[PDB]
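Here is the file model_2.cif (mmCIF, C-alpha atoms and all ligand atoms).
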```
data_run
loop_
_atom_site.label_atom_id
_atom_site.label_comp_id
_atom_site.auth_asym_id
_atom_site.auth_seq_id
_atom_site.Cartn_x
_atom_site.Cartn_y
_atom_site.Cartn_z
CA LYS A 189 -26.38 37.79 64.57
CA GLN A 190 -28.01 39.77 67.39
CA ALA A 191 -30.90 41.14 65.33
CA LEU A 192 -31.50 37.59 64.12
CA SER A 193 -31.62 36.14 67.63
CA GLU A 194 -34.30 38.67 68.57
CA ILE A 195 -36.32 37.93 65.43
CA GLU A 196 -36.34 34.15 65.77
CA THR A 197 -37.74 34.96 69.22
CA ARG A 198 -40.59 37.13 67.92
CA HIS A 199 -41.42 34.83 65.01
CA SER A 200 -41.39 31.89 67.43
CA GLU A 201 -43.95 33.55 69.70
CA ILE A 202 -46.02 35.19 66.96
CA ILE A 203 -46.86 31.64 65.90
CA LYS A 204 -47.47 30.51 69.49
CA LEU A 205 -50.10 33.24 69.26
CA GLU A 206 -51.60 32.01 65.98
CA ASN A 207 -51.86 28.36 67.04
CA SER A 208 -53.56 29.55 70.23
CA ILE A 209 -55.96 31.69 68.18
CA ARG A 210 -57.12 28.83 65.96
CA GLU A 211 -57.88 27.04 69.23
CA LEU A 212 -60.06 30.01 70.17
CA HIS A 213 -61.55 30.01 66.67
CA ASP A 214 -62.91 26.50 67.06
CA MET A 215 -64.22 27.29 70.55
CA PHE A 216 -66.30 29.92 68.76
CA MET A 217 -67.08 27.81 65.70
CA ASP A 218 -68.15 24.71 67.63
CA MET A 219 -70.15 27.07 69.83
CA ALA A 220 -72.37 28.33 67.00
CA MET A 221 -72.63 24.70 65.88
CA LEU A 222 -74.02 23.29 69.13
CA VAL A 223 -76.37 26.24 69.60
CA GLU A 224 -77.77 25.77 66.09
CA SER A 225 -78.08 22.03 66.71
CA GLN A 226 -80.06 22.60 69.91
CA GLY A 227 -82.16 25.22 68.12
CA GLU A 228 -84.32 22.65 66.36
CA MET A 229 -84.72 20.53 69.48
CA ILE A 230 -86.30 23.67 70.93
CA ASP A 231 -88.73 23.98 68.04
CA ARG A 232 -90.20 20.55 68.89
CA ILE A 233 -90.44 21.40 72.57
CA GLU A 234 -92.21 24.62 71.65
CA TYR A 235 -94.33 22.75 69.11
CA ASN A 236 -95.40 19.95 71.44
CA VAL A 237 -96.17 22.43 74.21
CA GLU A 238 -98.15 24.88 72.08
CA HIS A 239 -100.14 21.77 71.11
CA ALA A 240 -100.38 20.45 74.67
CA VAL A 241 -101.77 23.86 75.62
CA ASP A 242 -104.24 23.80 72.73
CA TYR A 243 -105.48 20.35 73.75
CA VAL A 244 -105.92 21.22 77.42
CA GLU A 245 -107.66 24.49 76.52
CA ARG A 246 -110.21 22.62 74.40
CA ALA A 247 -110.57 19.81 76.94
CA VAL A 248 -111.26 22.31 79.73
CA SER A 249 -114.18 24.00 77.96
CA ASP A 250 -115.83 20.65 77.22
CA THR A 251 -115.84 19.78 80.92
CA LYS A 252 -117.41 23.20 81.56
CA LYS A 253 -120.13 22.23 79.10
CA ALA A 254 -120.47 18.71 80.50
CA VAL A 255 -121.34 20.20 83.90
CA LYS A 256 -123.82 22.59 82.27
CA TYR A 257 -125.70 19.87 80.42
CA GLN A 258 -125.64 17.71 83.53
CA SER A 259 -127.20 20.57 85.52
CA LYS A 260 -129.80 20.88 82.75
CA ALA A 261 -130.64 17.18 82.67
CA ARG A 262 -130.77 17.31 86.47
CA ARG A 263 -133.50 19.96 86.39
CA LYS A 264 -135.53 17.96 83.88
CA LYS A 265 -135.29 14.73 85.90
CA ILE A 266 -137.02 16.73 88.64
CA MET A 267 -139.72 18.22 86.42
CA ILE A 268 -140.42 14.70 85.18
CA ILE A 269 -140.85 13.21 88.66
CA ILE A 270 -143.09 16.17 89.55
CA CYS A 271 -145.25 15.27 86.56
CA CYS A 272 -145.37 11.61 87.55
CA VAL A 273 -146.35 12.56 91.09
CA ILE A 274 -149.13 14.48 89.35
CA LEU A 275 -150.12 11.41 87.32
CA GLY A 276 -150.03 9.10 90.33
CA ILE A 277 -152.30 11.67 91.96
CA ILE A 278 -154.57 11.60 88.91
CA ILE A 279 -154.60 7.77 88.72
CA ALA A 280 -155.23 7.59 92.47
CA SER A 281 -157.92 10.22 92.03
CA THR A 282 -159.84 7.90 89.71
CA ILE A 283 -159.27 4.58 91.47
CA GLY A 284 -160.14 6.67 94.52
CA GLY A 285 -163.48 7.38 92.89
CA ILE A 286 -164.78 3.82 92.81
CA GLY B 26 -38.87 45.91 72.60
CA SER B 27 -42.55 46.68 73.09
CA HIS B 28 -42.82 44.09 70.34
CA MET B 29 -42.62 41.48 73.08
CA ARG B 30 -44.98 42.91 75.69
CA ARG B 31 -47.54 43.10 72.89
CA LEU B 32 -47.15 39.35 72.48
CA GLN B 33 -47.15 38.78 76.26
CA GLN B 34 -50.32 40.86 76.39
CA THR B 35 -52.23 39.56 73.37
CA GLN B 36 -51.31 35.99 74.33
CA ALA B 37 -52.51 36.72 77.86
CA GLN B 38 -55.88 37.82 76.50
CA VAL B 39 -56.28 34.77 74.29
CA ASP B 40 -55.50 32.21 76.99
CA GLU B 41 -58.20 33.93 79.06
CA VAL B 42 -60.85 33.81 76.35
CA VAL B 43 -60.03 30.14 75.78
CA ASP B 44 -60.27 29.43 79.52
CA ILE B 45 -63.70 31.05 79.29
CA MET B 46 -64.90 29.05 76.29
CA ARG B 47 -63.94 25.75 77.94
CA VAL B 48 -66.47 26.67 80.62
CA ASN B 49 -68.97 27.93 78.04
CA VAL B 50 -69.00 24.54 76.32
CA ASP B 51 -69.64 22.84 79.66
CA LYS B 52 -72.65 25.12 80.07
CA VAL B 53 -73.87 24.36 76.55
CA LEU B 54 -73.16 20.68 77.09
CA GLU B 55 -75.53 20.76 80.08
CA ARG B 56 -78.06 22.79 78.11
CA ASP B 57 -78.11 19.83 75.76
CA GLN B 58 -79.08 17.45 78.57
CA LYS B 59 -81.46 19.87 80.30
CA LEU B 60 -82.92 20.58 76.85
CA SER B 61 -83.07 16.95 75.73
CA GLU B 62 -84.95 16.00 78.91
CA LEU B 63 -87.54 18.70 78.27
CA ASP B 64 -88.12 17.52 74.70
CA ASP B 65 -89.31 14.29 76.28
CA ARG B 66 -91.74 15.83 78.76
CA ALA B 67 -93.00 18.11 75.97
CA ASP B 68 -93.96 15.09 73.88
CA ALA B 69 -95.04 13.14 76.95
CA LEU B 70 -97.45 15.98 77.68
CA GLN B 71 -99.03 16.80 74.32
CA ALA B 72 -99.90 13.12 74.35
CA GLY B 73 -101.57 13.07 77.76
CA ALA B 74 -103.24 16.35 76.88
CA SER B 75 -104.53 14.86 73.63
CA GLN B 76 -105.76 11.91 75.69
CA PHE B 77 -107.48 13.94 78.40
CA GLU B 78 -108.65 16.00 75.43
CA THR B 79 -110.69 13.10 74.10
CA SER B 80 -111.79 12.07 77.62
CA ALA B 81 -113.26 15.54 78.05
CA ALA B 82 -115.07 15.56 74.71
CA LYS B 83 -116.66 12.27 75.76
CA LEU B 84 -118.14 13.52 79.04
CA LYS B 85 -119.57 16.45 77.08
CA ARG B 86 -121.39 14.34 74.51
CA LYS B 87 -122.48 11.97 77.30
CA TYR B 88 -124.39 14.70 79.14
CA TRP B 89 -125.68 16.42 76.05
CA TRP B 90 -127.16 13.03 75.16
CA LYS B 91 -128.31 12.46 78.76
CA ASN B 92 -129.90 15.90 78.57
CA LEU B 93 -131.63 15.28 75.24
CA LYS B 94 -133.47 12.18 76.43
CA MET B 95 -134.86 14.15 79.37
CA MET B 96 -136.41 16.87 77.24
CA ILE B 97 -138.03 14.27 75.00
CA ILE B 98 -139.41 12.26 77.91
CA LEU B 99 -140.55 15.51 79.45
CA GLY B 100 -142.13 16.33 76.10
CA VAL B 101 -144.29 13.21 76.03
CA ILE B 102 -145.18 13.25 79.74
CA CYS B 103 -146.13 16.93 79.48
CA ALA B 104 -148.18 16.21 76.39
CA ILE B 105 -150.06 13.55 78.38
CA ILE B 106 -150.79 15.85 81.32
CA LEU B 107 -151.99 18.25 78.62
CA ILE B 108 -154.31 15.77 76.92
CA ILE B 109 -155.94 14.96 80.26
CA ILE B 110 -156.16 18.60 81.36
CA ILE B 111 -158.06 19.15 78.10
CA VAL B 112 -160.57 16.29 77.97
CA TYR B 113 -161.74 17.01 81.53
CA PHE B 114 -162.20 20.69 80.69
CA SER B 115 -163.51 20.73 77.13
CA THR B 116 -167.17 20.82 78.13
CA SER C 138 -40.00 47.22 51.11
CA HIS C 139 -39.68 45.39 54.44
CA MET C 140 -39.59 48.25 56.96
CA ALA C 141 -43.21 48.91 56.08
CA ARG C 142 -43.80 45.15 56.04
CA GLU C 143 -43.15 45.14 59.76
CA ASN C 144 -45.04 48.41 60.18
CA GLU C 145 -48.03 46.75 58.52
CA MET C 146 -47.91 43.37 60.27
CA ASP C 147 -47.82 45.37 63.50
CA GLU C 148 -50.63 47.72 62.51
CA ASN C 149 -53.02 44.83 61.82
CA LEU C 150 -51.63 42.67 64.62
CA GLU C 151 -52.92 45.60 66.66
CA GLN C 152 -56.43 44.84 65.37
CA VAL C 153 -56.14 41.17 66.33
CA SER C 154 -55.56 42.42 69.88
CA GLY C 155 -58.65 44.62 69.94
CA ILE C 156 -61.00 42.11 68.35
CA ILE C 157 -59.81 39.57 70.92
CA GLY C 158 -60.95 42.24 73.35
CA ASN C 159 -64.43 41.89 71.91
CA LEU C 160 -64.29 38.09 71.97
CA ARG C 161 -63.70 37.97 75.72
CA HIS C 162 -66.43 40.53 76.32
CA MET C 163 -68.79 38.38 74.22
CA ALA C 164 -67.83 35.03 75.77
CA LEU C 165 -68.73 36.50 79.16
CA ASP C 166 -72.27 37.33 78.06
CA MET C 167 -72.61 34.10 76.09
CA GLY C 168 -71.95 32.44 79.44
CA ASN C 169 -74.08 34.57 81.75
CA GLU C 170 -76.91 33.92 79.29
CA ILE C 171 -76.63 30.13 79.21
CA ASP C 172 -76.33 30.39 83.00
CA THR C 173 -79.85 31.79 82.91
CA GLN C 174 -81.24 29.52 80.19
CA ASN C 175 -80.00 26.45 82.07
CA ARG C 176 -81.74 28.01 85.06
CA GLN C 177 -84.97 28.39 83.09
CA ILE C 178 -85.05 24.86 81.69
CA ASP C 179 -84.40 23.49 85.17
CA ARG C 180 -87.49 25.37 86.35
CA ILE C 181 -89.63 24.65 83.30
CA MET C 182 -89.06 20.91 83.76
CA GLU C 183 -90.36 21.26 87.33
CA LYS C 184 -93.53 23.05 86.27
CA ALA C 185 -93.91 20.51 83.45
CA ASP C 186 -93.53 17.72 86.01
CA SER C 187 -96.34 19.24 88.07
CA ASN C 188 -98.54 19.30 84.98
CA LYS C 189 -97.97 15.69 83.93
CA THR C 190 -98.92 14.75 87.47
CA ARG C 191 -101.87 17.14 87.14
CA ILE C 192 -102.98 15.43 83.91
CA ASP C 193 -102.17 11.79 84.66
CA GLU C 194 -104.30 12.23 87.77
CA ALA C 195 -107.25 13.98 86.14
CA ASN C 196 -107.18 11.69 83.09
CA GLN C 197 -107.54 8.66 85.36
CA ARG C 198 -110.43 10.24 87.27
CA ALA C 199 -112.53 10.43 84.10
CA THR C 200 -112.49 6.63 83.98
CA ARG D 8 -20.21 37.73 52.07
CA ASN D 9 -22.28 34.64 51.33
CA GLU D 10 -22.09 33.70 55.02
CA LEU D 11 -24.12 36.78 55.94
CA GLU D 12 -26.14 36.64 52.71
CA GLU D 13 -27.66 33.24 53.56
CA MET D 14 -28.08 34.50 57.12
CA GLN D 15 -29.96 37.59 55.93
CA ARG D 16 -31.86 35.75 53.20
CA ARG D 17 -33.37 33.45 55.82
CA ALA D 18 -34.06 36.61 57.82
CA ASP D 19 -36.15 38.34 55.15
CA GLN D 20 -37.82 34.92 54.92
CA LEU D 21 -38.96 35.06 58.54
CA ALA D 22 -40.26 38.57 57.74
CA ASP D 23 -42.98 37.57 55.28
CA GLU D 24 -43.83 34.33 57.08
CA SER D 25 -44.68 36.42 60.14
CA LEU D 26 -46.72 39.07 58.33
CA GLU D 27 -48.51 36.22 56.58
CA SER D 28 -49.51 34.52 59.84
CA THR D 29 -50.54 38.00 60.95
CA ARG D 30 -52.85 38.21 57.95
CA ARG D 31 -54.19 34.77 58.79
CA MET D 32 -54.68 35.53 62.47
CA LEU D 33 -56.63 38.65 61.57
CA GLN D 34 -59.05 36.45 59.64
CA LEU D 35 -59.49 33.61 62.14
CA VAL D 36 -60.32 36.29 64.68
CA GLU D 37 -62.78 37.97 62.32
CA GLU D 38 -64.69 34.72 61.80
CA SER D 39 -64.59 33.97 65.51
CA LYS D 40 -66.41 37.29 65.94
CA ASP D 41 -69.04 36.51 63.30
CA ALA D 42 -69.52 32.96 64.55
CA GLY D 43 -69.65 34.45 68.03
CA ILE D 44 -72.42 36.91 67.23
CA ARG D 45 -74.45 34.27 65.42
CA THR D 46 -74.32 32.24 68.63
CA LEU D 47 -75.40 35.22 70.73
CA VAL D 48 -78.29 36.08 68.43
CA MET D 49 -79.51 32.47 68.39
CA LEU D 50 -79.54 32.27 72.19
CA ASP D 51 -81.57 35.48 72.01
CA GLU D 52 -84.23 33.96 69.72
CA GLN D 53 -84.26 30.65 71.59
CA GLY D 54 -84.35 32.73 74.75
CA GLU D 55 -87.79 33.93 73.72
CA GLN D 56 -88.88 30.45 72.66
CA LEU D 57 -88.23 29.23 76.20
CA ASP D 58 -90.01 32.36 77.43
CA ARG D 59 -93.06 31.19 75.49
CA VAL D 60 -92.73 27.58 76.66
CA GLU D 61 -92.85 28.84 80.25
CA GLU D 62 -96.01 30.87 79.65
CA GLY D 63 -97.29 27.52 78.41
CA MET D 64 -96.92 25.62 81.66
CA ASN D 65 -98.41 28.63 83.44
CA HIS D 66 -101.50 28.64 81.24
CA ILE D 67 -101.77 24.85 81.49
CA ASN D 68 -101.45 25.06 85.26
CA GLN D 69 -104.24 27.60 85.64
CA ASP D 70 -106.47 25.55 83.32
CA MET D 71 -105.83 22.16 84.93
CA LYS D 72 -106.79 23.96 88.12
CA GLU D 73 -110.12 24.82 86.49
CA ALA D 74 -110.77 21.40 84.93
CA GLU D 75 -110.12 20.28 88.49
CA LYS D 76 -112.92 22.48 89.79
CA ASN D 77 -115.22 21.10 87.11
CA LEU D 78 -114.69 17.36 87.48
CA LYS D 79 -115.54 17.92 91.16
CA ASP D 80 -118.99 19.06 90.04
CA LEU D 81 -119.23 15.66 88.35
CA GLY D 82 -118.87 13.59 91.51
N1 LIG E 1 -122.12 23.41 73.10
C1 LIG E 1 -121.97 22.63 71.89
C2 LIG E 1 -120.50 22.49 71.55
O1 LIG E 1 -119.66 22.87 72.36
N2 LIG E 1 -120.18 21.96 70.38
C3 LIG E 1 -121.16 21.48 69.42
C4 LIG E 1 -120.44 20.90 68.21
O2 LIG E 1 -119.77 21.62 67.47
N3 LIG E 1 -120.56 19.59 68.03
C5 LIG E 1 -119.89 18.90 66.94
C6 LIG E 1 -120.58 17.62 66.52
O3 LIG E 1 -121.78 17.44 66.74
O4 LIG E 1 -119.97 16.72 65.95
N1 LIG E 2 -129.85 19.90 74.41
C1 LIG E 2 -130.31 21.21 73.97
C2 LIG E 2 -131.38 21.15 72.89
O1 LIG E 2 -132.50 21.62 73.09
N2 LIG E 2 -131.03 20.58 71.75
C3 LIG E 2 -129.70 20.04 71.53
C4 LIG E 2 -128.92 20.87 70.54
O2 LIG E 2 -129.48 21.36 69.55
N3 LIG E 2 -127.62 21.03 70.81
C5 LIG E 2 -126.74 21.80 69.95
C6 LIG E 2 -126.16 23.04 70.61
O3 LIG E 2 -126.21 23.21 71.84
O4 LIG E 2 -125.60 23.91 69.94
#
```

Written as structure tokens, that's how I'd like the structure from this file.
Ligand SMILES: NCC(=O)NCC(=O)NCC(=O)O
Ligand SMILES: NCC(=O)NCC(=O)NCC(=O)O
Amino acid sequence: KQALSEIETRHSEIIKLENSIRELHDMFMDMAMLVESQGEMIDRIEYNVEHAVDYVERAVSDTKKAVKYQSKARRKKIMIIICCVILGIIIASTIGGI
Amino acid sequence: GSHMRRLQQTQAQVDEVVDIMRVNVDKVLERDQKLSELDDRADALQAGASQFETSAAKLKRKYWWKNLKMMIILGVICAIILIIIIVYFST
Amino acid sequence: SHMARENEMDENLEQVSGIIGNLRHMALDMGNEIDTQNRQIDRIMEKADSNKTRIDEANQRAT
Amino acid sequence: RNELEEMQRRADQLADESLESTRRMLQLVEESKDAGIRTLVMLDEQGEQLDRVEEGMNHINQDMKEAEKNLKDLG
């Protein structure tokens, strides 16, 4: 009757342990679940950013070119005027000769 | 007899690890919000980058075109100056 | 027998104890890590706020 | 001695029931360890993903700072 009273006490608590372990099991199971669920949401973030970076990288070089061509066309606009000043001088050099 | 301290120990451990995981889910639960908000700015950026992308490709073609016309016009006008420089020098 | 039955359920109950030792250890890292990843995302969203302002502004200056 | 027989039959009953829940515990804890490591490894892989995503904003920032310089040379 004594040995039984000390067993019903162990058995009682050994289960208090189990039921508290399942609780810890789910804490660990639901953990791996949420982290796997967020894992794909990260793939899209990474995706959209590695694209956003690609786009900007392309877009930035274009601008660099745009300024180059502009600076080219700017030089030519000057050459042209110079030539027209030369033609006006020619035209005025004939009308200026009767 | 030690078969009761073992339970008072092991159960002590467990409670502690569970007290920890409650917190750990609160940290993951925030990582879901912090993470979900960044998925939005990631998409709301690849879009504006794809837009500024096109707006950059446009300015490029615009000045390549603008440049082309100049060389042509220079071509003709320089041909003219050439013609003249030749007729009044070819005997 | 049953005297070994106890001796066995105590010998593996011993393991339970130790593995739970690991679990705590792990849950502490699993936390200190998410404490850094939630720190990162908080920062990344700031940099990525600076860059949407950097792009919305430049993209409207091309017009 | 049936009085003590049914009091020691339900005592060898508590014996197995306890070693059985000790078998079960051992498992739940084993899985909790696996499931725990999986979680830790994932955060490690996703840890790098975020590492990359941050390099991203850095790159983008340095570039947008350049495309800034350029569009200034375009009035
Ligand atoms: N500098 C010239 C350049 O950056 N790209 C020229 C090109 O590939 N153009 C494509 C097209 O003409 O459609
Ligand atoms: N505008 C420079 C020129 O002389 N021709 C235009 C051209 O061929 N563009 C193509 C390129 O730059 O690759």

Closest atom pairs, chain D residues within 12 Å of chain B, all atoms listed in the file, as JSON lines:
```
{"residue": "D:32", "atom": "CA", "partner": "B:35", "partner_atom": "CA", "distance": 11.9}
{"residue": "D:36", "atom": "CA", "partner": "B:39", "partner_atom": "CA", "distance": 10.5}
{"residue": "D:39", "atom": "CA", "partner": "B:42", "partner_atom": "CA", "distance": 11.5}
{"residue": "D:43", "atom": "CA", "partner": "B:46", "partner_atom": "CA", "distance": 11.0}
{"residue": "D:46", "atom": "CA", "partner": "B:53", "partner_atom": "CA", "distance": 11.2}
{"residue": "D:50", "atom": "CA", "partner": "B:53", "partner_atom": "CA", "distance": 10.7}
{"residue": "D:53", "atom": "CA", "partner": "B:60", "partner_atom": "CA", "distance": 11.4}
{"residue": "D:57", "atom": "CA", "partner": "B:60", "partner_atom": "CA", "distance": 10.2}
{"residue": "D:60", "atom": "CA", "partner": "B:67", "partner_atom": "CA", "distance": 9.5}
{"residue": "D:61", "atom": "CA", "partner": "B:67", "partner_atom": "CA", "distance": 11.6}
{"residue": "D:63", "atom": "CA", "partner": "B:67", "partner_atom": "CA", "distance": 10.6}
{"residue": "D:64", "atom": "CA", "partner": "B:67", "partner_atom": "CA", "distance": 10.2}
{"residue": "D:67", "atom": "CA", "partner": "B:74", "partner_atom": "CA", "distance": 9.8}
{"residue": "D:70", "atom": "CA", "partner": "B:74", "partner_atom": "CA", "distance": 11.7}
{"residue": "D:71", "atom": "CA", "partner": "B:74", "partner_atom": "CA", "distance": 10.3}
{"residue": "D:74", "atom": "CA", "partner": "B:81", "partner_atom": "CA", "distance": 9.4}
{"residue": "D:75", "atom": "CA", "partner": "B:81", "partner_atom": "CA", "distance": 11.9}
{"residue": "D:77", "atom": "CA", "partner": "B:81", "partner_atom": "CA", "distance": 10.8}
{"residue": "D:78", "atom": "CA", "partner": "B:81", "partner_atom": "CA", "distance": 9.7}
{"residue": "D:81", "atom": "CA", "partner": "B:84", "partner_atom": "CA", "distance": 9.6}
```

Write the residues of the selection above to a file with C-alpha atoms, as a compact mmCIF listing (two decimals), in the frame of the given file.
```
# COMPACT_ATOMS: atom_id res chain seq x y z
CA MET D 32 -54.68 35.53 62.47
CA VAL D 36 -60.32 36.29 64.68
CA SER D 39 -64.59 33.97 65.51
CA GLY D 43 -69.65 34.45 68.03
CA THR D 46 -74.32 32.24 68.63
CA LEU D 50 -79.54 32.27 72.19
CA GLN D 53 -84.26 30.65 71.59
CA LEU D 57 -88.23 29.23 76.20
CA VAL D 60 -92.73 27.58 76.66
CA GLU D 61 -92.85 28.84 80.25
CA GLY D 63 -97.29 27.52 78.41
CA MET D 64 -96.92 25.62 81.66
CA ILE D 67 -101.77 24.85 81.49
CA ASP D 70 -106.47 25.55 83.32
CA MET D 71 -105.83 22.16 84.93
CA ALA D 74 -110.77 21.40 84.93
CA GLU D 75 -110.12 20.28 88.49
CA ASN D 77 -115.22 21.10 87.11
CA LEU D 78 -114.69 17.36 87.48
CA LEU D 81 -119.23 15.66 88.35
```

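Between atom CA of residue D:45 and atom CA of residue B:38 lies a distance of 21.9 Å.
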
Name the residues, by chain letter and number, that sit within 10 Å of ligand LIG 1 (chain E) using all atoms listed in the file, and give them as a PyMOL selection string. (chain A and resi 246+249-254+256-257) or (chain B and resi 82+85-86+89)

Which protein, DNA or RNA residues have an atom within 10 Å of ligand LIG 2 (chain E), counting only C-alpha atoms and all ligand atoms, as a VMD selection string? (chain A and resid 253 257 260 to 261) or (chain B and resid 86 88 to 97)

Between chain C and chain D, at 9 Å or less, what are the per-residue closest atom pairs and their distances in Å? Count only C-alpha atoms, order by chain and rising residue number, and return it as JSON lines.
```
{"residue": "C:139", "atom": "CA", "partner": "D:22", "partner_atom": "CA", "distance": 7.6}
{"residue": "C:142", "atom": "CA", "partner": "D:26", "partner_atom": "CA", "distance": 7.1}
{"residue": "C:143", "atom": "CA", "partner": "D:26", "partner_atom": "CA", "distance": 7.2}
{"residue": "C:145", "atom": "CA", "partner": "D:26", "partner_atom": "CA", "distance": 7.8}
{"residue": "C:146", "atom": "CA", "partner": "D:26", "partner_atom": "CA", "distance": 4.9}
{"residue": "C:147", "atom": "CA", "partner": "D:26", "partner_atom": "CA", "distance": 8.2}
{"residue": "C:149", "atom": "CA", "partner": "D:33", "partner_atom": "CA", "distance": 7.2}
{"residue": "C:150", "atom": "CA", "partner": "D:29", "partner_atom": "CA", "distance": 6.0}
{"residue": "C:152", "atom": "CA", "partner": "D:33", "partner_atom": "CA", "distance": 7.3}
{"residue": "C:153", "atom": "CA", "partner": "D:33", "partner_atom": "CA", "distance": 5.4}
{"residue": "C:156", "atom": "CA", "partner": "D:36", "partner_atom": "CA", "distance": 6.9}
{"residue": "C:157", "atom": "CA", "partner": "D:36", "partner_atom": "CA", "distance": 7.1}
{"residue": "C:159", "atom": "CA", "partner": "D:40", "partner_atom": "CA", "distance": 7.8}
{"residue": "C:160", "atom": "CA", "partner": "D:40", "partner_atom": "CA", "distance": 6.4}
{"residue": "C:163", "atom": "CA", "partner": "D:43", "partner_atom": "CA", "distance": 7.4}
{"residue": "C:164", "atom": "CA", "partner": "D:43", "partner_atom": "CA", "distance": 8.0}
{"residue": "C:166", "atom": "CA", "partner": "D:47", "partner_atom": "CA", "distance": 8.2}
{"residue": "C:167", "atom": "CA", "partner": "D:47", "partner_atom": "CA", "distance": 6.1}
{"residue": "C:170", "atom": "CA", "partner": "D:50", "partner_atom": "CA", "distance": 7.7}
{"residue": "C:171", "atom": "CA", "partner": "D:50", "partner_atom": "CA", "distance": 7.9}
{"residue": "C:174", "atom": "CA", "partner": "D:54", "partner_atom": "CA", "distance": 7.0}
{"residue": "C:177", "atom": "CA", "partner": "D:57", "partner_atom": "CA", "distance": 7.7}
{"residue": "C:178", "atom": "CA", "partner": "D:57", "partner_atom": "CA", "distance": 7.7}
{"residue": "C:180", "atom": "CA", "partner": "D:61", "partner_atom": "CA", "distance": 8.8}
{"residue": "C:181", "atom": "CA", "partner": "D:61", "partner_atom": "CA", "distance": 6.1}
{"residue": "C:184", "atom": "CA", "partner": "D:64", "partner_atom": "CA", "distance": 6.3}
{"residue": "C:185", "atom": "CA", "partner": "D:64", "partner_atom": "CA", "distance": 6.2}
{"residue": "C:187", "atom": "CA", "partner": "D:68", "partner_atom": "CA", "distance": 8.2}
{"residue": "C:188", "atom": "CA", "partner": "D:68", "partner_atom": "CA", "distance": 6.5}
{"residue": "C:191", "atom": "CA", "partner": "D:71", "partner_atom": "CA", "distance": 6.8}
{"residue": "C:192", "atom": "CA", "partner": "D:71", "partner_atom": "CA", "distance": 7.4}
{"residue": "C:195", "atom": "CA", "partner": "D:75", "partner_atom": "CA", "distance": 7.3}
{"residue": "C:198", "atom": "CA", "partner": "D:78", "partner_atom": "CA", "distance": 8.3}
{"residue": "C:199", "atom": "CA", "partner": "D:78", "partner_atom": "CA", "distance": 8.0}
```

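Proximity to chain B at a cut-off of 6 Å picks out residues 154, 161, 168, 175 and 196 of chain C on chain C, counting only C-alpha atoms.
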
Which of these, A:189, A:264, A:213, A:204, has the shortest distance to chain C once you count only C-alpha atoms? A:213

Write out as an MDAnalysis selection string each polymer residue whose atoms come within 12 Å of residue D:11, counting only C-alpha atoms; drop sequence neighbours fewer than 4 positions from it. (chainID A and resid 189 192) or (chainID D and resid 15:18)

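Here atom CA of residue B:75 and atom CA of residue A:240 stand 7.0 Å from one another.
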
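Within 12 Å of chain C, and using only C-alpha atoms, the residues found on chain A are residues 195, 198, 199, 202, 205, 206, 208, 209, 212, 213, 215, 216, 219, 220, 223, 230, 233, 234, 237, 240, 241, 243, 244, 247, 248 and 251 of chain A.
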